[PDB]
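Peer 1: next input, structure requested:
(chains A, B, C and D)
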Amino acid sequence: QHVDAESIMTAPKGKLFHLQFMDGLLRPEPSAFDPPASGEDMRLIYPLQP
Amino acid sequence: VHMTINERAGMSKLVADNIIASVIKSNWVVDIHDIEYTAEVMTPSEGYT
Amino acid sequence: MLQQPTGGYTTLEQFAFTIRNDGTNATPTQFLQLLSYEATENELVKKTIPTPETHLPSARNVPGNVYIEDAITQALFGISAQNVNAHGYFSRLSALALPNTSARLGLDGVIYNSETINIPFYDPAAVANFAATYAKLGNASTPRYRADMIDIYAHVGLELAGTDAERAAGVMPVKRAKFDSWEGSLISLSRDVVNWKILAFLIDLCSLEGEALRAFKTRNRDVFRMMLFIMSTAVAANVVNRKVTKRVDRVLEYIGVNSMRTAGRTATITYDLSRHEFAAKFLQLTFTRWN
Amino acid sequence: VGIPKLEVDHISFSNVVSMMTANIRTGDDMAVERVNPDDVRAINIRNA
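Peer 2: Numbering: from 1, shown residues only, chains lettered A, B, ... in the order given. Please find the structure below.
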């Protein structure tokens, strides 16, 4: 499920929605021979709890 | 940087892109010298095509 | 607590350091000689080091029982570490330098909230001066604060093969190390150095004073040289083996220059790109503080 | 001390060295692109 940055500014005061956070501690890295990358990911939100 | 390019010869289309992607995220000012163009002045209304 | 021994925490002897010279262990002093030095026609200049910006990450206290000491030793010497430069562990540490905090650094290297009885630690004042300086490494990665690399290595070399008239002067000719070998020796020594409790050598490098320091640097001049060599291995570019008589020999290609990658992907330990970002900002602190 | 297994003259049953992978399978292979120079007229041959 993916939400939007426009809806995070119009959500009703007392309506609690869930927004999932990604882990990624256990993920095998790519092989030595493969195509490179170009200007990648931008993340827009952060919890302050934790 | 003020990276200037004389000729686009061995421009691996991946790294030939990565320069432009860095213009919009680091204020990189790039250059080209082998390009010819005949751009012309345009009026307010009618705009671009 | 153990309070603190005057003359070092490294003069205790409970925890020391022995490289495993095959079937028999030894001392760092005893290992350095098996290596000789070949002067090549290349020269490096001892370049001055910039100051470190003071802005260690703020205090958070996520509950993790973070192994800060274990993480540090892993990246510099560890064999193919992963996610070494992630932000969460250091931020927790910086809480340590704070006067009056229920957060004690375990002797074994594990950090806690509040405390425990069954576990003895380092007195809060010894750690306070420690984390004042090594918390900074935490943010070494940031685009703005990030440290050099292609130039700190003009110091690594003087120490590893620095002749005494050379570290007396400023410039040293580019050397080429070569020593006896047992085939799996480069990885073998790197597997071994990981357990030195390198915390102990650092948590006292900030607590020792004017005289106790003069004696500390004049004795452990080896325990430092050791981790320096093992570290300088991953960096230098080409490993050539010489087959002479009935002997076999490893040559480390250039002690003083960052090739930028590989060393030997098989013959040694390798450094990722998130390693040069780390090991660099590390040496920028130990070296400055060291001298 | 300890004579090598050979040149002593008796059959025995000792140890080896192995690994885990199939080796040839990573789901990949060296993938390289090549960009052609362009014109054949202005290529430099004269490097000696």
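
Peer 1: residues contacting residue C:151?
Peer 2: Contacts for residue C:151 (C-beta atoms under 8 Å, 6 or more residues apart in numbering or on different chains) come out as residue C:47. C-betas here are computed from N, CA, C, even on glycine.

Peer 1: now do the residue nearest the centre of chain A against residue A:22, distance only.
Peer 2: Central residue of chain A (C-alpha atoms, centre = their mean): residue A:43, 5.6 Å from the mean position. Distance of residue A:43 to residue A:22, computed by C-beta to C-beta, to the nearest Å: 9 Å.

Peer 1: re the thing from before, so who does the residue nearest to the centre of chain A touch?
Peer 2: Applying C-beta under 8 Å, 6+ apart, one finds that residue A:43 lies in contact with no residue.

Peer 1: count the residues that sit near the closest residue to chain A within chain B.
Peer 2: Per C-beta to the nearest C-beta, residue B:21 is where chain B lies closest to chain A, at 3.7 Å. When neighbours are defined as other C-beta atoms under 10 Å in any protein chain shown, residue B:21 has 13 of them.

Peer 1: any idea how far it is from residue B:15?
Peer 2: According to C-beta to C-beta, residue B:21 stands 10 Å off from residue B:15.

Peer 1: what's the answer for residue C:226, then?
Peer 2: 41 Å.

Peer 1: what's near enough to touch the one residue in chain A that gets nearest to chain B?
Peer 2: Going by C-beta to the nearest C-beta, chain B is nearest to residue A:39 of chain A, at 3.7 Å. Residue A:39 makes contacts with B:18, B:21, B:22, B:25, as judged by C-beta under 8 Å, 6+ apart.

Peer 1: just the ones of the residues you listed in helices?
Peer 2: The helices, defined by DSSP state H, take in B:18, B:21, B:22, B:25 from the contacts of residue A:39.

Peer 1: quick one: those residues as JSON lines, columns for distance to residue C:61 too.
Peer 2: As requested, those are exported to JSON lines (distance: C-beta to C-beta, whole Å):
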{"residue": "B:18", "distance to residue C:61": "40"}
{"residue": "B:21", "distance to residue C:61": "38"}
{"residue": "B:22", "distance to residue C:61": "38"}
{"residue": "B:25", "distance to residue C:61": "34"}
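
Peer 1: list only those of those flagged as buried.
Peer 2: Using 16 or more other C-beta atoms under 10 Å in any protein chain shown as the burial test, these include residue B:22 as buried.

Peer 1: what's the closest of the ones in helices among the contacts of residue A:39 to residue C:182?
Peer 2: residue B:18 (44.5 Å; C-beta to C-beta).

Peer 1: is it correct that that closest one is in contact with residue B:3?
Peer 2: No - in this structure, residue B:18 is not within contact of residue B:3 by C-beta atoms under 8 Å, at 11.7 Å.

Peer 1: so which residue of chain D comes closest to chain C?
Peer 2: Going by C-beta to the nearest C-beta, chain C is nearest to residue D:17 of chain D, at 11.0 Å.

Peer 1: quick one: neighbours of that residue, just the number.
Peer 2: When neighbours are counted by other C-beta under 10 Å, residue D:17 registers 4.

Peer 1: next up, the contacts around it.
Peer 2: Residue D:17 neighbours (C-beta under 8 Å, 6+ apart): none.

Peer 1: roughly how far does it sit from residue D:10?
Peer 2: Counting by C-beta to C-beta - residue D:17 and residue D:10 are separated by 22 Å.

Peer 1: show me the beta-bridge partners of the nearest residue to residue C:35 once chain neighbours are set aside.
Peer 2: For residue C:35, ignoring the flanking residues on the chain, the nearest one in space by C-beta to C-beta, 6 or more residues apart in numbering or on different chains is residue C:179 at 3.4 Å. Residue C:179 has these beta-bridge partners by DSSP bridges: residue C:35, residue C:250.

Peer 1: which stretches in the stretch 51-200 of chain C count as strands?
Peer 2: Here the stretch 51-200 of chain C has its strands, by DSSP state E, counting those that start in this stretch, at C:172-180.

Peer 1: isn't residue C:174 up against residue C:42?
Peer 2: Yes - Residue C:174 lies in contact with residue C:42 (C-beta under 8 Å); the separation is 3.1 Å.

Peer 1: please enumerate the shared neighbours of the two.
Peer 2: C:254, C:257.

Peer 1: the more surrounded of these two?
Peer 2: Neighbours per residue, other C-beta under 10 Å: of residue C:174 and residue C:42, the larger number sits with residue C:174, 18 against 13.

Peer 1: what does the stretch 1-150 of chain C have sitting close to chain A?
Peer 2: Proximity of the stretch 1-150 of chain C to chain A (C-beta under 8 Å from any C-beta of the partner chain) is limited to residues C:60, C:62, C:82, C:83.

Peer 1: mind doing that once more with 7 Å?
Peer 2: Proximity of the stretch 1-150 of chain C to chain A, by C-beta under 7 Å from any C-beta of the partner chain, involves residues residue C:62.
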